[PDB]
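Take a look at this single chain in structure tokens; it is the form deposited in one PDB entry.
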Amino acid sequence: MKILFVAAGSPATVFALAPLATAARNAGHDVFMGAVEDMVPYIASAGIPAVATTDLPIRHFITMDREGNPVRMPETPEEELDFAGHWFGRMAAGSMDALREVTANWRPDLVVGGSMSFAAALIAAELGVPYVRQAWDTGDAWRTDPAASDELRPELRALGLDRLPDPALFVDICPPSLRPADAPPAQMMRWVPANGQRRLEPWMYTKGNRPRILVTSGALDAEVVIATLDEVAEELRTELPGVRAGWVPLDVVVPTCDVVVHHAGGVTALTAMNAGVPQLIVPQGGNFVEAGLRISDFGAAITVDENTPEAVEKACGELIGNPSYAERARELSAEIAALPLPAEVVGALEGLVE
């Protein structure tokens, strides 16, 4: 069958959907994936046919409302949910023209969107085909829905709907230990890494003679490796000469790490958990703060109060030196390993149209 996948504005949204997308293609299905023009290369380099949902940069959707007025940046977790609901909503509305043009000529039998790819809901409803929503991290996929329904109220009304429709199937990748009690029924799925890849160098997959701390933005007897965009790493290399910096495929390097330090990146969190590696979360905005708190409260992470070289250092020492954090992290890895494989989940997609 023909399946349209809809990712969003960031590479993690392509990566999180890639396992199920490639699983469907491996099962003989014809698969297209959509994302903003800037994300198209990430779809293509995941080996997936790529369509642009819009030729506008995401900042257009983030920093201004449907009228063109400035959007006040969120100062709190609660403000962040409403903020995210609205701008993902705006990006979804701006995605519809391109998606109609694609689907008039290549008609999908099913549409799969990520957590906040609301254009998938709209295009499926327009076409009269099942809408599948896949969680693209361990955070609640539905957490921005109220704001998103408001943002898309015009489009939803045109479809005879009062709010965002419930999906025909919710595919969740959140380990049972981390799922909140109010989580809606899901077809569970084992997450696997499918991040951007590079030519591998030995340091990436070889464990060193000292503990290794990976730092990414998406005192201690240890080495620090910086996982960042290559474009950024060039300038970073001048200011910090003797430190590994550049895009390093996280699935490859994380098994060599004692700690993964990140900004609250959902997919980085999954990579660390999956590998059984303790993680340090340093809040840098975003709505994944809450999902990070759950990992910390489970005992497989520490979330620090302040973004400080000082506060981070103490936490790193704790994650390395107290065996419990790695213990809980391996526990989460095992929970992930016990979930239904993407190959099996393709069967649930087939069942929706047969």
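The first residue of the sequence shown is number 1, and the count goes up from there. For clarity, a rigid core is taken as the largest C-alpha set superposing within 1.5 Å between two forms.
- Per the record, residue 130 and residue 131 follow each other directly, and no deposited residue is missing between them.
- According to the PDB record, 275-283 carries the higher mean C-alpha B-factor of the two stretches 275-283 and 168-176.
- When the two stretches 108-116 and 80-88 are set side by side, the higher mean Cα temperature factor goes to 80-88.
- Per the PDB record, 321 has a higher Cα B-factor than any other of 321, 28, 41, 49.
- For the set 147, 224, 124, 257, the maximum C-alpha B-factor listed in the entry falls on 224.
- Per the deposited record, the Cα B-factor of residue 190 falls in the lowest third when ranked against the other modelled residues of its chain.
- Split the chain's modelled residues into thirds by C-alpha temperature factor. Residue 98 is in the middle one.
- Ranked by Cα temperature factor within the chain, residue 288 sits in the highest third according to the deposited record.
- Ranked against the other modelled residues of its chain, the C-alpha B-factor of residue 33 as given in the entry falls in the lowest third.
- When the CA B factors of the chain's modelled residues are split into thirds, the value for residue 251 lands in the lowest one.
In what follows, reference is made to the form deposited in another entry, a form of this protein that is not presented.
- Residue 309 shows a C-alpha shift of 2 Å or greater between the shown form and the other one [criterion: core-superposed Cα displacement of 2 Å].
- Residue 288: CA moves 2 Å or more between the shown form and the other one after rigid-core fitting.
- Distance between the C-alpha atoms of residue 96 and residue 287: longer by at least 3 Å in the other form than in the displayed form.
- Whereas the shown form places them at one spacing, the Cα atoms of residue 286 and residue 7 lie at least 3 Å farther apart in the other form.
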